[PDB]
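There is one chain below, alone, in structure tokens, taken in the form deposited in one PDB entry.
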């Protein structure tokens, strides 16, 4: 077993239907990695393409400061394994939970930094003719040393020129994707990112469906309890515009003075 021989498990850091994720030391270099171990996907199943595309996405994207770095992927004993960098801050979902626990919140300066950093990650992914298609807090990872946000969980990644859309989290999904219009997919990542930042800013849990879900897709920004500058508010708002073409690209996004 490569997993057993090459790596020492330190802590279970994730669990789900796929399998489990462990914080591990690689014995050879002594460094810490996040290693996901998943069962074999069933024949002709969505979980199949998902796990397959994760590795391809990592392969194309390779090393970038705002994308979770891939180190290797292999299979043995009827499981798939992928070895990625370990982000010691967990995900943005974990960070938001910690804020809830201590009743703290991300200030505007921190929200701008989150938006700019993940924005730079998207700009890179989009420049390689790919889209992420599952941006949300739980897929944004955090490295502290101060803080670096890195786009992770690349299982929904697809090409803009031959789009294969697996329906993502309904809470973050732009209306035109639901309508099976895949002609503006990078703008779907932009929509999702805005709502990710809105979650980080202290908004109530986003709706999965219903009237509140539609209000957002009509371009109405969810309520944010803390005071934010008008220019920052207006940027988040145009990022969720009903017309994808009115949403800024990632390139246009990161070139906002406000950030």
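Numbering follows the first chain given and starts at 1. Throughout, rigid core stands for the largest set of C-alpha atoms superposing within 1.5 Å between the two forms. Shifts are known only where both forms have a C-alpha.
In at least a third of the other compared PDB entries, does residue 145 have no coordinates?
yes, residue 145 frequently unmodelled elsewhere, at least a third of entries.
Our gap detector needs a label for residue 161 to residue 162. Which class matches the unmodelled residues of the deposited sequence there: none, 1 to 3, 4 to 9, or 10 or more?
Nothing is missing.
On average, which has the higher Cα B-factor in the deposited entry, 116-124 or 133-141?
Averaged over C-alpha atoms, the B-factors run higher in 116-124.
Quick one: higher average CA temperature factor, 37-45 or 216-224?
Of 37-45 and 216-224, the stretch with the higher C-alpha B-factor average is 37-45.
Could you check 168, 155, 90, 186 and tell me which one carries the biggest Cα B-factor in the deposited entry?
In the PDB entry, the greatest C-alpha B-factor among 168, 155, 90, 186 is found at 168.
Based on the PDB record, which member of 71, 105, 86, 74 exhibits the highest Cα temperature factor?
Comparing C-alpha B-factors across 71, 105, 86, 74, the top value belongs to 105.
Could you tell me which third, lowest, middle or highest, the C-alpha B-factor of residue 66 occupies within its chain?
Lowest third of the chain for residue 66's C-alpha B-factor.
Ordered by C-alpha B-factor within the chain, which third holds residue 246? Give me lowest, middle or highest, please.
Tercile = highest for this residue's CA B-factor.
Ranking every modelled residue in this chain by its Cα temperature factor as given in the entry, which third contains residue 209?
For residue 209, the deposited C-alpha B-factor lands in the middle third.
Which third of the chain does residue 28 land in by C-alpha B-factor: lowest, middle or highest?
It falls in the top third of the chain.
Split into thirds by Cα B-factor across the chain's modelled residues, where does residue 59 land: lowest, middle or highest?
For residue 59, the deposited C-alpha B-factor lands in the highest third.
The discussion below concerns the form deposited in another entry, not included here.
Of 218, 212, 49, 229, which one's CA moves 2 Å or more between this form and the one not shown, core aligned?
Between the two forms, the residue that moves is 49.
Using the rigid core as the reference frame, would you say residue 164 shifts its C-alpha by 2 Å or more between this form and the one not shown?
After core superposition, the displacement of the residue 164 C-alpha between this form and the one not shown reaches the 2 Å mark, so yes.
Relative to what is shown, are the Cα atoms of residue 45 and residue 134 closer or farther apart in the other form, where the gap shifts by 3 Å or more?
Compared with the shown chain, residue 45-residue 134 is farther in the other form.
Work out the direction of the Cα-Cα change for residue 76 and residue 44 in the other form: closer or farther than in this form? It's 3 angstroms or more.
It is closer: in the other form, the C-alpha atoms of residue 76 and residue 44 lie at least 3 Å nearer than they do here.
Once both forms are aligned on the rigid core, what are the runs of 3 or more consecutive residues with C-alpha shifts of 2 Å or more between this form and the one not shown?
In sequence order, the runs that relocate between this form and the one not shown are 40-50, 161-164.
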